[PDB]
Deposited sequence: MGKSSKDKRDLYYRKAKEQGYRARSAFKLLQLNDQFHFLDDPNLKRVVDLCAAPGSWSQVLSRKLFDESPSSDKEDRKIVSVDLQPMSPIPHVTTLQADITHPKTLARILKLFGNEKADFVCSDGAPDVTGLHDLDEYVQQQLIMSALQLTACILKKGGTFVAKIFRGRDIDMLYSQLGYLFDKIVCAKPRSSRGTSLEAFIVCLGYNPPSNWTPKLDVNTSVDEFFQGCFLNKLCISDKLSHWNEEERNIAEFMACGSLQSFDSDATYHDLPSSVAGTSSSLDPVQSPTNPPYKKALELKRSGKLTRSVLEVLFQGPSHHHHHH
């Protein structure tokens, strides 16, 4: 309804949220790397972060760094196609969805996996926060594999009462865990982004990551580092 909804239509972005990933990369600069090659956008519908990924990695990059670059965006809902993006309609938990993502890279792990997914809030904060943690956990188990060791993982969070549990559940797996609002993130939203830098060592209807991170963690809370993002 605001500024960014307006400038999203002016720039041909499918949603205002496109500026959250841009205003994010105005530092961390994880999309300004020439060596950056393979990215996965999880829960991408309707695809504005995948547009940003497309524009940064192809429209705005010398032909010299466009080789073997591959963008895969996944959602259970079907997405309108995006230039230079392979859109998969799959479940981030399902079988081959890691196998099929496996194949569209040269069995290479991704440099960077992002997710801007969130269900519509109900107004029940404890439910909304829990459901958001669910999405992050299930997203985390694909990122557990496909992510290149030492590669960044970005996700939208509900920065509420139990966020500090997520931070230390997430301590086992990253070098530097950061938390950021951008500035296109509405003041009236509990929104923030967990910008996980330097993928560190992972591990080695049944048991899932949410219950095995609940297994080890349990009932402990830590405070992640904070970082503003835009200019």
message: Lining up the deposited sequence with the coordinates, I want the ranges that have no C-alpha atoms.
response: 1 to 8, 213 to 232, 260 to 325
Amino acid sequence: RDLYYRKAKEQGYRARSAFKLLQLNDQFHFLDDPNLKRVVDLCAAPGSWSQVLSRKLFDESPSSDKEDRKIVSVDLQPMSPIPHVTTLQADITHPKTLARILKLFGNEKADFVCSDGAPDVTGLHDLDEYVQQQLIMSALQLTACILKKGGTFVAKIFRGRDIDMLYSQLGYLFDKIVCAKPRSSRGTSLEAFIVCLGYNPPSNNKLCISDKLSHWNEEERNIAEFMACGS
From here on, numbers count along this sequence of modelled residues.
query: Higher mean Cα B-factor in the deposited model: 29 to 37 or 49 to 57?
result: 29 to 37
field: 97 to 105 set against 113 to 121, stretch whose average Cα temperature factor tops the other in the entry
entry: 97 to 105
- prompt: Should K9 be placed in the lowest, middle or highest third of its chain by the C-alpha B factor in the entry?
  reply: middle
- prompt: Sorting the chain's CA B-factors, does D65 end up in the lowest, middle or highest third?
  reply: highest
query: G160: which third of its chain by C-alpha temperature factor?
result: lowest
- line: In terms of its chain's C-alpha B-factors, the third that includes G150 is the highest
statement: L173: CA temperature factor from the record, placed by chain third, in the highest
